[PDB]
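First up is the structure itself, then whatever we jot down about it.
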Ligand SMILES: COC1=C(OC)C(=O)C(C/C=C(/C)CC/C=C(\C)CC/C=C(\C)CC/C=C(\C)CC/C=C(\C)CC/C=C(\C)CC/C=C(/C)CC/C=C(\C)CC/C=C(\C)CCC=C(C)C)=C(C)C1=O
Ligand SMILES: CCCCCCCCCCCCCCCC(=O)OC[C@H](COP(=O)([O-])OCC[N+](C)(C)C)OC(=O)CCCCCCCCCCCCCCC
Ligand SMILES: CCCCCCCCCCCCCCCC(=O)OC[C@H](COP(=O)([O-])OCC[N+](C)(C)C)OC(=O)CCCCCCCCCCCCCCC
Ligand code: HEC
Ligand code: HEM
Ligand code: HEM
């Protein structure tokens, strides 16, 4: 293992470099989307139309 | 100019939507829409908002369809000329009380009720100014008199508004059950008007957080990579071997 | 000619 | 066109020079070109024909020393720092070494220009 | 609610100097107008007093407006 | 090519149009052998302190004077168009 | 030989980006050219899309903009980005001009570059004025009416050029059509002028803070200066993204969210903030034609700088008088902008007159006097060393 194996796998040839870049970008987009969704959902409690639905229309 | 001819500086409050990670208060939005419809739909026009806008924000789709189906609109020519009324759809704009500006001028003395679609964003103060104007009707002090057809209102430029007190106590019956004072109703109307000015606030503020985070990380990485590459130049050593003839 | 400058600080 | 200075009319009257010596001292200290180990004549612009020709008539030692001084100054300017107070350009070494050559070149050019324009007044 | 709290802030010790100036206004200007002079209007003191009262009162009431 | 271009003061690599140099030895290391973020904070702090103490008043004086006259002008203009200012 | 040095197009790219000798000690104030180019590219790219939903007619222009804002997918991003990029363009332009003025980059061998930059600045001002009139806002209509009337100062064909430009008797549909067409056309001319700017600059290289020649220690552009620009690019991106996502109408006056009513007279008629100092200068002169002449001269005086700067050295790194007076002039410029923004009341007109007097004195009286004084003092001290 050590640190030479990491260089041998991804950081050895440019072709094996761009593919790693693209895959990491694809995963990072999903990760950041999940993070921002969670933080925005936690920020607003009792302030969105989905959480004020029963008060108004459920009573008709 | 003179303080009388420029009005009183507005008061400052705190709104839920003014923070960095907060949206609107949709219950207040719905109540403000109800107050709008029951009070200022008579003279003020909002001919830039469609029924479909309120779907999923303040009303469900069925509620919006049912509410819109009661307004009669005018449609295109029939098979032989003519113009025939319609029961209303979900893609029409809210009805303007007057057909044109001249009718509005004729009805209300000589004034002209401004359109409320983009008034909050177009006034020096926005929500604070609108709320203060709504709640700032007082009897005039001694020495200044108001002619017939005008009211005293310090927050208005010139202290002469052409309106009357629009929001009196218990003017609307809120579905939620909150008392309808002149303070709660004005706040809800201001919130609804601010929403009508910028309906895209929530998505914008949701995207901005992620954009800023990613950009900050990228900048922090760039500041290190530049120092990495520029190292063999910033740390050079120059010696001068004097060239003796 | 002088000696090698000491680069051990940045190494 | 060319740099100008009232650096001789003041020298005509000794009293003005005696009065203006401390101000000149303070100004030269404030300029701060000596903090980089440079000399004043190094900063003069060299992009015309006159200065380009003059720089090719200096003694070789002066040219080499000027090259080293400029390179060291730019190396220091890279990292935004100055030499310690010991290695500052002392006043004795801050003499005028490029002005006489430029004066000679300008005199030659002016003589040629004078010969150029002539007239016959009988 | 807003009117009562604004009146209370008007009579509160926080704003008393502007209230004093407004009182001296009311007396002098009322004497002047009932004499038959329409030349003076000290709306500035009313502006100051109303600004003080509103600044005193609005943050208190705005919290319970839900 | 040719085309007999004009006269400049830059040239290119190999012939940069500079005076002849002699006896200038230069040493440098490799970016992979040196260490970034080494002595950055100390040198940067010293340089910033020296720059603040050296340039300093050069910027401090005009901006301060401008701000003072700005504040005075705003105050006086607000006073004059008020009630007591016009008298 | 390398392919990059052989193929003509790759050779053109290489000689300007890959292998270009540059000074080895240029500071972070030399990073604004790339920022300006990127801002211009962003502006053009975004404007091409913005032109796909805009109807150039006086009667139907505001509703089209509102439809762009609140009906098209991500139209608010397009509008806010275009406006805020147009605003940031002038900030970076002012920083570029200040950098050029402070370090004395106008006194040969690079003087054609300075003139081309001045012409580019004039064209940019004209393009921005044409662009901001399009949305048919209240200040847009009224400021267009106010500004376009300045052409009446021409002696003979005055008051006829105004009608020819208006295409009628007042700001109406033809005026908006012409303005839209010209605003579409001009940025490409600006880009070509910037290409000529770069070509003129390339033949002699850039300066250095010391002001001395740098033909001894040169390094190639990449990778040493292709990475120093990335940090500034990302910082500017952070700034513009925050301004467009958390405060889009933060640079905008409150009297711009209303439809243009040709009877409603606004309390104050002012242009955007980046053109405010010239408007302040224009209103200072009591006369009419003299005001226009002074306003034009306020931008055209940058061409006369090379021929009235009598200094034995280049730059301000070793000239205390210049260091003092440059910041004093910058403060005067800021004060001029502030005065132009506000009302034309009692004290404000006097302050504006004083500021205009100082601004026009700086480029004629101050510069030669202090340069000559510095030369004299330095020569006097140097002439009495060994004695
Ligand atoms: C030292 O100095 C240096 C600098 O500084 C450091 C530098 O700065 C640079 C300069 C470097 C540059 C970037 C060069 C240019 C920079 C300048 C000098 C000045 C700026 C110049 C410019 C103006 C840049 C040029 C840009 C232009 C001309 C306009 C760009 C326009 C677009 C990109 C289009 C915008 C997109 C739109 C609106 C729609 C695009 C089309 C679509 C695809 C939409 C979808 C449509 C469809 C789906 C239709 C169907 C499609 C089909 C038919 C395809 C289907 C597939 C099939 C196979 C049929 C250099 C060289 C330099 O050395
Ligand atoms: C030409 C105009 C002027 C320029 C305009 C800007 C153009 C920006 C796009 C290109 C940026 C990179 C330019 C080419 C740099 C390069 O040489 O790529 C190769 C490097 C590795 O090269 P190395 O650093 O020397 O390491 C050696 C690696 N071995 C060989 C050992 C395996 O590997 C890398 O550098 C990979 C990181 C960069 C590759 C692109 C991925 C990130 C960008 C994705 C696309 C977004 C950009 C859209 C907007 C531009
Ligand atoms: C990016 C997603 C993954 C995309 C992945 C697919 C991309 C395509 C992969 C290959 C792209 C590069 C094509 C050329 C590859 C090559 O082998 O070129 C080698 C030579 C190197 O040049 P040289 O060896 O130093 O000089 C030779 C001169 N002799 C000796 C012949 C006289 O020629 C040179 O390279 C000279 C360097 C300058 C000319 C090339 C510049 C453009 C290179 C990139 C072109 C493709 C860019 C595609 C972007 C979408
Ligand atoms: C009596 C009919 C009428 C009523 C009811 C009414 N408006 Fe008005 N409104 C007008 C007229 C007429 C004007 C123009 C006043 C002027 O220009 O001096 C006006 C002005 C305004 C303005 C513009 C203020 C400004 O400075 O330009 C706003 C905002 C406003 N009203 C909000 C409201 C709100 C909110 C309500 C409901 C609580 C309401 N109005 C109810 C007719 C009315
Ligand atoms: C190909 C290039 C460009 C095109 C096609 C273009 C097109 C447009 C269009 C259609 C508008 C109307 C905006 C709207 O309707 O809401 C606009 C506005 C504007 N443009 Fe451009 N533009 C271009 C480049 C530029 C440049 C180079 C500048 C400045 C240097 C600029 C500055 C402005 C400004 C200030 C506005 C008004 C801002 C606003 O509407 O809020 N534009 N442009
Ligand atoms: C608007 C007024 C402008 C002026 C007065 C001007 C003038 C100058 C001058 C004198 C230089 C050389 C400075 C030196 O070598 O020390 C320069 C450099 C440069 N200019 Fe401009 N220019 C202007 C606008 C622009 C624009 C609009 C662009 C691009 C769109 C641009 C791009 C560049 C670049 C890339 C450089 C070299 C790198 C740099 O200095 O950052 N300039 N300019």
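Here chain B follows Swiss-Prot for its numbers: 63-307, in order, are the residues you see.
When the header is checked for method, it gives electron microscopy, 3.4 Å.
For all residues, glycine too, the Cβ spot is worked out from N, Cα and C.
Per Swiss-Prot, these features apply:
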- B:102, B:105, B:106, B:225: heme c binding site (BINDING)
- B:89-259: domain 'Cytochrome c' (DOMAIN)
- B:288-307: topological domain 'Mitochondrial matrix' (TOPO_DOM)
- B:270-287: transmembrane segment (TRANSMEM)
Please work out the number of neighbouring Cβ atoms within 10 Å of the Cβ of residue B:106 (heme c binding site), leaving out its own Cβ.
19
Enumerate the residues of the same chain, B:102, B:105, B:106, B:225 excluded, that satisfy the criterion Cβ within 8 A of the mean position of the Cβ atoms of the recorded heme c site; list them in sequence order.
B:101, B:104, B:175, B:228
Recorded heme c binding residues, B:102, B:105, B:106, B:225 - maximal Cα separation rounded to whole Å:
11
Spatial neighbours, same chain, of residue B:102 (heme c binding site) - Cβ under 8 Å, 6+ residues apart
B:178, B:228, B:251
Counting by DSSP, what is the helix, strand and coil composition of the topological domain 'Mitochondrial matrix' (B:288-307)?
8 helix, 4 strand, 8 coil
